[PDB]
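Quick reminder, even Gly has a Cβ in these numbers, built from the backbone with ideal geometry, and neighbours come from all protein chains shown. The values are calculated or read from the model by the stated rules, or taken from the named source; no laboratory read-out is quoted.
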Amino acid sequence: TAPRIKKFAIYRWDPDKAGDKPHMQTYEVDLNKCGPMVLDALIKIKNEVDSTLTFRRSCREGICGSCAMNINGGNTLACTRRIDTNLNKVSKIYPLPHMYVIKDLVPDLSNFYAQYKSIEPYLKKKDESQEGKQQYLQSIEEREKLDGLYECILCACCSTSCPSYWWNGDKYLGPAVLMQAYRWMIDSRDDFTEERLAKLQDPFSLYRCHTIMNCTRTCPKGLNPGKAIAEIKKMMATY
Amino acid sequence: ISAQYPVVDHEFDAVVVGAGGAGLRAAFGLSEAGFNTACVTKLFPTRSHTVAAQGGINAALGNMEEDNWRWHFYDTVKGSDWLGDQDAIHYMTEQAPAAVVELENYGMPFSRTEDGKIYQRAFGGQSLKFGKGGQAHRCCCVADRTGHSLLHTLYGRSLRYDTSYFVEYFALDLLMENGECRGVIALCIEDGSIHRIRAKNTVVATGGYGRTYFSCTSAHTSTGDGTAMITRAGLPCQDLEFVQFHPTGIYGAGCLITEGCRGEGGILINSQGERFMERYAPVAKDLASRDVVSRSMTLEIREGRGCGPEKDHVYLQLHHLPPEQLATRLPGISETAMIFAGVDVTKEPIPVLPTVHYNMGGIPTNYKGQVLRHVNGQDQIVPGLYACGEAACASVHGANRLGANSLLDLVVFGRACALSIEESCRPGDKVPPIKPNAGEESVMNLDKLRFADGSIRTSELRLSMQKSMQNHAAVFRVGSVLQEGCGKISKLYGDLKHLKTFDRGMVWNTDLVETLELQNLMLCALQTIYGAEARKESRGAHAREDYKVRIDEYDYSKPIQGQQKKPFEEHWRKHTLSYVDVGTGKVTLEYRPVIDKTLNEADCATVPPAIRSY
Amino acid sequence: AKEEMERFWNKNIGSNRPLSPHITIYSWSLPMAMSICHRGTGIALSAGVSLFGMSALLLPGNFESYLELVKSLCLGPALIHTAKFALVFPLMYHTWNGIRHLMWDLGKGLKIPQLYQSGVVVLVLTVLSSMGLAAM
Amino acid sequence: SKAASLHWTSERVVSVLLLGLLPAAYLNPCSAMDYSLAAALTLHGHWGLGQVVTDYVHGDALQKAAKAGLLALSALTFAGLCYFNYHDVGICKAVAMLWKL
Ligand SMILES: Cc1cc2nc3c(=O)[nH]c(=O)nc-3n(C[C@H](O)[C@H](O)[C@H](O)COP(=O)(O)OP(=O)(O)OC[C@H]3O[C@@H](n4cnc5c(N)ncnc54)[C@H](O)[C@@H]3O)c2cc1C
Ligand SMILES: CCCCCCCCCCCCCCCCCC(=O)O[C@@H](COC(=O)CCCCCCCCCCCCCCC)COP(=O)(O)OCCN
Ligand code: HEM
Ligand SMILES: COC1=C(OC)C(=O)C(CC=C(C)C)=C(C)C1=O
Ligand code: SF4
Ligand code: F3S
Ligand code: FES
């Protein structure tokens, strides 16, 4: 009764429409016949109004980071961002900032993933003949070191908010990939911690971070990529 | 249709159609062995529904207390309701220790005990001393984020090998010639190009089909794609009718509240604030089979004990657990509960209701992952075709899956597919010359759907079946209604020709990717509703009111000495092999016998069917 | 991989794909404007120092001569106590933020609730110091 | 080698150095402390500007040129600072004077 209709300005761009220029389409969504988060408005516009709105979605609980976008000026997983029930505003749904768009809201993340691959995100042991035979021992105090660090969902919300990744994302790895590098470095079972550091000894891979700390705020998971990057720098100095 | 779609042909040693836990384990196995593998995934690997899997892997590693893998075997067998293959159950429970060890040796951050070993917990259906004992501690958990850490460890660990991922490619059909499989034909979602990844061994690890139901804990991408590729290739499915409805799913969102929380001490309470898990499970109590607990929770509201404002859900109490335990082992459900239900686990209880969670059925495989045919009453192996994970039915779960056995399923049988491939084939085997128009029917269907002017939208045929299955194939079933459902589903299937799509582009046409996922969901729904209507017994998760008894070749409640062995055609202890004529949409149902002999009869003898009372 | 990154740039540079908006759409977090103003105050301070050493090398005369040159055209007690503030506020701001960034380098104070107390502190000490400095 | 972590560290040392070398200039002015302050500010500024350049001048061709013109602006700023120090009142006195009116 008395429907509440919120406006949603959403960044559109169609690759197949010749000469299409990025624009903003508005969709008044009724807030009573939809869920509470922003991904519920988007899935409603796609199932009931405009069946061409393209975005990535998969879990709808914020555990996988496919719905990462720029809602109201902040990189936040759309499945966990509540709709502002103040109906005098127009939500500004935008793709991740400074990233090539495949269609409307879907950014080209393949460089983000290639950079993740480049840091070697796997356990490296000097003696790998005993792999799979015995439970590598690790203390509860040495296992606590990886808290807040292994829970990254690789949603790029942090990397695409970093002004240094905007400018030099060709060579800078960004807060997410660097945080993961750190994670690996301080895994008590890894045996390449003085060789994972060596790989960052160029003026760009790690040393484009200047502690803007714009990655720790945007992290939808409440992690802290910039403190990780700081620990990495203190490890690169005090070997 | 034709040259409006140029086809890019690839040749690999092995193709894995999936990048969940099972698909990643299998791709990693093949690539590590040496095979030129290719993972075709429609989601970035770490995007797979595996991530939604709070709750460790079961494994009989004896850290907390002396444990044996034979007790885990027994537990499994019993919880399956004797409709599981005790040879695949034997293999899995025997390889679970070494599988979780290899997983910890890859970097998976398992929670550690005071001695520096993997911290295990207690779930529903586990025991010690072949039941006679009490609750056991075998669940090797990564601090309530086990599926996330599994997926990330396996993916990053496959980056170490030449695993050529095809990320965001939709697999449309298998390339079957002369009864064997030569790979898959896939759709690149990014540019709309058709790709034919030819191989010598296909592993189908596509997950379940939970989106066949209105309310599900499952992702938007659980659409039964591999099960339907198998249906559209002339191969059967198996035990589709059995659908686990996890009891502890959020009332509104349908999110997961980890059966671990219960295993930690959490309790289920009705409107009267009583632990009804005693009247039903005097020993198992809260930690019981996810079929007994779900139906009991249904049989609390059915009789009017719902503690909801609308009286349609029960509470799960966790505030009686210390805050340190709540946040040290269950850090994820705290967030989930707060960010969705707004419930603070440390203060007020969480609203919970049974929603569709796991599909015990799927593609019939053996204990090696090899997909099975059924020709003249014999089990014939489809050459070059493997299945693993939720998509497969090796019947290690039978009628009911035990908690934490599904992640174990993924790792152990991804390993099984990889090991079987590396023992049956050599890296470099020349791919046979496939015909020059293989997979044309898939491209012609993709075209007929991209330019599908019609009447009924694709979102409406979904909601239609989703609510016809939520009403007619729910926890409790009855012929008089399972036939109304069969009718409704057959009719909605017929209406798959009156479909209307709006997006006519090629780049990221998700209206096409979703009409294709609806063609797969309607094939998994036809079979599940018909196998459920036909199964005139009550076993495991299939509970029928008009036949409230588990029929077996004997009356195992009574002594089986003077009993006459009921013929295979009468008793219902047999797997439902389902087929669908994809043109007419008619489902023919065959029946296969359950494999009882274990891998080594001397090692662990067959567990005789008994009265599965918890 | 290198090949994957070369292929991402070779494909996206040469394509028609647009680059999503960033600085216009992105809200300005305080510390982001506090870092852009630390880069601006640094370039400014460096420009000053540099043109003062060039002047020193080329400009003819003495500093006391140019000083009395500006003194001659008397300005008053207000333009002086404002030009000083406008000439030292960049230096103070910068120096304080510098100490902030050195604290951050030792990996301290890098929790969201703290970057805003640090912000406020820095800006306060900026003003407070600037004034005090130009009240000498 | 460690030529990026050695840089990062050398810049933090110079920073803290300048941080201490500025107030001590007020406490006890000296001509040698003028010369050390000149070298401090010219190395801090050269490295800072270096960073700016590295961030904004994309292209290895143009970058090297910009850094050479920056090492020249710096190699002359330091020259004028030392000249002034030796032929005028020095940075401490100069400042004090311009801060007398
Ligand atoms: C909310 C939730 C919580 C769970 N918690 C637990 C737990 O605590 N413990 C436990 O043991 N189990 C748990 N499970 C169950 C278990 O984790 C899943 O059954 C398991 O992750 C499925 O593995 P899979 O790889 O077969 O499927 P998925 O992990 O879902 O992977 C399927 C893959 O197939 C791909 N795919 C599908 N269709 C296509 C297509 N047409 N073309 C190309 N690629 C395709 C997808 O992109 C994906 O990569 C949970 C399940 C859910 C839903
Ligand atoms: C490199 C040359 C730069 C020239 C700087 C002049 C103009 C810029 C203004 C900012 C610097 C001056 C403010 C600092 C407070 C000065 C207080 C003062 O006069 O006291 C001492 C100031 O002189 C010093 O010794 C220290 C001088 C520090 C100057 C450092 C300058 C470095 C960078 C300046 C660039 C600013 C450019 C800004 C552009 C936006 C003098 O000693 P005293 O007679 O008071 O008593 C001491 C013994 N009894
Ligand atoms: C007074 C004490 C000072 C401290 C503690 C200090 C500290 C810093 C720090 C920590 C940085 C950041 C370096 C990087 O980005 O990683 C910086 C940048 C910079 N500083 Fe200073 N500084 C001081 C004074 C000065 C002075 C007097 C000048 C003038 C020449 C100056 C010029 C610069 C420049 C040009 C930059 C580069 C801008 C940028 O990189 O952000 N600094 N300073
Ligand atoms: C603090 O981080 C940031 C910068 O750091 C120097 C910027 O330059 C910019 C962009 C501004 C200019 C003048 C290039 C932004 C938006 C920013 O957040
Ligand atoms: S670190 Fe935080 S934001 Fe950055 S990628 Fe991982 S989760 Fe997403
Ligand atoms: S915001 Fe960017 S500049 Fe560094 S501190 Fe985080 S990576
Ligand atoms: S949909 Fe998976 S993170 Fe929002």
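Checked against (1) more than 25 Å from D:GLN51 (Cβ to Cβ); (2) surrounded by fewer than 21 Cβ atoms within 10 Å (Cβ to Cβ); (3) more than 7 Å from every other protein chain (Cβ to nearest Cβ), A:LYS171 passes all but condition (1). If you go through region D:31-47 and keep only what is touching a residue at least 24 places away in the same chain (Cβ under 8 Å) and of a type outside the set (A, V, I, L, M), you end up with D:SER31, D:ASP34, D:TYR35, D:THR42, D:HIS44, D:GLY45, D:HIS46, D:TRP47. Any residue in region B:16-31 that is among the hydroxyl-bearing types (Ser, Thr, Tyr) sitting within a Cβ distance under 6 Å of a residue that is away from ligand 4 (no atom under 16 Å from the Cβ) and assigned to a strand (DSSP E or B)? List the pairs, counting only those 6 or more apart or interchain. Matching pairs, first to second residue: B:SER31/B:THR37. Taking region A:125-142 as the range and being touching a strand residue (DSSP E or B) at 6+ places or on another chain (Cβ under 6 Å) and either more than 8 Å from chain B (Cβ to nearest Cβ) or more than 14 Å from B:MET108 (Cα to Cα) (or both) as the test, only A:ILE140 passes.
Inspection of region A:99-109 identifies no residue that is more than 20 Å from B:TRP508 (Cα to Cα), touching a residue at least 60 places away in the same chain (Cβ under 8 Å) and away from ligand 3 (no atom under 16 Å from the Cβ).
Restricting attention to region A:59-94 and to residues that are within 14 Å of chain C (Cβ to nearest Cβ), out of contact with any helix residue (DSSP H, G or I) (no Cβ under 6 Å at 6 or more places or on another chain) and more than 22 Å from A:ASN32 (Cβ to Cβ), the residue that is farthest from ligand 5 (Cβ to nearest atom) turns out to be A:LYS92. For region C:16-37, filtered to residues that are at the interface with chain A (Cβ under 7 Å from one of its Cβ atoms) and over 23 Å from the mean Cα position of the chain (by Cα), the residue that is nearest to C:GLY109 (Cα to Cα) is C:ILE25. Of these, D:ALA4, D:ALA65, D:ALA61, which one is farther than 22 Å from D:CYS82 by Cα, more than 13 Å from chain C (Cβ to nearest Cβ) and within 16 Å of ligand 6 (Cβ to nearest atom)? On inspection, the qualifying residue turns out to be D:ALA4. When restricted to residues that are farther than 14 Å from B:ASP87 by Cβ, over 14 Å from the mean Cα position of the chain (by Cα) and in a loop (DSSP other than H, G, I, E, B), region B:361-401 contains 5. Listed here are the strands (runs of 3 or more DSSP E) enclosed by region A:21-113 that have at least 2 residues being touching a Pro at 6+ places or on another chain (Cβ under 7 Å): A:68-71, A:74-77, A:101-103. Restricting attention to region B:69-122 and to residues that are touching a residue at least 40 places away in the same chain (Cβ under 8 Å) and of a type in the set (S, T, N, Q), the residue that is farthest from the other protein chains (Cβ to nearest Cβ) turns out to be B:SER80.
Out of C:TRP96, C:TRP9, report the one residue that is surrounded by fewer than 16 Cβ atoms within 10 Å (Cβ to Cβ), more than 9 Å from chain D (Cβ to nearest Cβ), over 25 Å from D:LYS93 (Cβ atoms) and of a type outside the set (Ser, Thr, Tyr).
Working: C:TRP96 fails: surrounded by fewer than 16 Cβ atoms within 10 Å (Cβ to Cβ).
Residue meeting the stated conditions: C:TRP9.
Note on region B:573-610: residues that are of a type in the set (A, V, I, L, M, F, W, C) and in a loop (DSSP other than H, G, I, E, B) amount to 9. Take the residues in region A:194-206 that are crowded, with 16+ Cβ neighbours inside 10 Å and touching a residue at least 12 places away in the same chain (Cβ under 8 Å); name whichever of them is farthest from ligand 1 (Cβ to nearest atom). Only one residue fits best here, namely A:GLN201. Just one of the listed residues (C:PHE52, C:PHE89) is more than 13 Å from chain D (Cβ to nearest Cβ) and within 30 Å of D:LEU73 (Cα to Cα), and it is C:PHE89. When B:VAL507 is tested against (1) out of contact with any strand residue (DSSP E or B) (no Cβ under 6 Å at 6 or more places or on another chain); (2) in contact (Cβ under 8 Å) with a residue 24 or more places away in the chain, just one condition goes unmet, and that condition is (1).
Taking the stated definitions as given, is C:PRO60 within 14 Å of chain D (Cβ to nearest Cβ) and either more than 22 Å from D:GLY48 (Cα to Cα) or hydroxyl-bearing (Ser, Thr, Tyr) (or both)? Yes, satisfied. A:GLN180 meets all of the listed conditions (1) within 16 Å of ligand 3 (Cβ to nearest atom); (2) within 24 Å of A:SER110 (Cβ to Cβ); (3) more than 9 Å from chain C (Cβ to nearest Cβ) but one, namely (1).
Consider region C:117-136 and keep the residues that are within 14 Å of chain A (Cβ to nearest Cβ) and surrounded by 15 or more Cβ atoms within 10 Å (Cβ to Cβ). The one that is farthest from the chain's Cα centre (by Cα) is C:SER118. The residues on offer are C:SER72, C:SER20, C:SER46, and the sole one that is polar (S, T, N, Q), away from ligand 3 (no atom under 16 Å from the Cβ) and buried (at least 16 other Cβ atoms within 10 Å of the Cβ) is C:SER20.
Restricting B:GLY125, B:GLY134 to those that are under 22 Å from B:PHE413 (Cβ atoms), more than 9 Å from chain A (Cβ to nearest Cβ), in contact with a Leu (Cβ under 9 Å, 6 or more places away or on another chain) and assigned to a loop (DSSP other than H, G, I, E, B) reduces the list to B:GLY125.
Only one of B:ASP447, B:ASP503 is assigned by TED's automatic domain parsing to the domain that holds B:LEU526 and assigned to a loop (DSSP other than H, G, I, E, B); which?
B:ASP503
Does B:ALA233 satisfy the condition of being more than 30 Å from A:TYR100 (Cα to Cα) and either among the hydrophobic types (A, V, I, L, M, F, W, C) or in a loop (DSSP other than H, G, I, E, B) (or both)? Spelling it out, B:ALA233 is indeed more than 30 Å from A:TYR100 (Cα to Cα) and either among the hydrophobic types (A, V, I, L, M, F, W, C) or in a loop (DSSP other than H, G, I, E, B) (or both). Restricting A:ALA114, A:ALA156 to those that are closer than 21 Å to B:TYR165 by Cα, of a type in the set (A, V, I, L, M, F, W, C), within 14 Å of chain B (Cβ to nearest Cβ) and in contact with an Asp or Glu (Cβ under 9 Å, 6 or more places away or on another chain) reduces the list to A:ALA114.
Scanning region B:407-428 for residues that are part of a loop (DSSP other than H, G, I, E, B) and exposed (fewer than 13 other Cβ atoms within 10 Å of the Cβ) gives B:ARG426, B:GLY428. Scanning for something closer than 25 Å to D:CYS82 by Cα, outside the structural domain of C:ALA134 (by TED's automatic domain parsing) and away from ligand 4 (no atom under 16 Å from the Cβ), does region C:26-49 turn up at least one residue? Taking every residue of region C:26-49 in turn, at least one turns out to be closer than 25 Å to D:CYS82 by Cα, outside the structural domain of C:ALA134 (by TED's automatic domain parsing) and away from ligand 4 (no atom under 16 Å from the Cβ). Filtered by the rule that a residue be farther than 18 Å from C:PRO21 by Cα and either within 16 Å of ligand 2 (Cβ to nearest atom) or touching a residue at least 60 places away in the same chain (Cβ under 8 Å) (or both), region A:156-182 gives A:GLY174, A:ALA176, A:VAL177, A:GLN180, A:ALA181.
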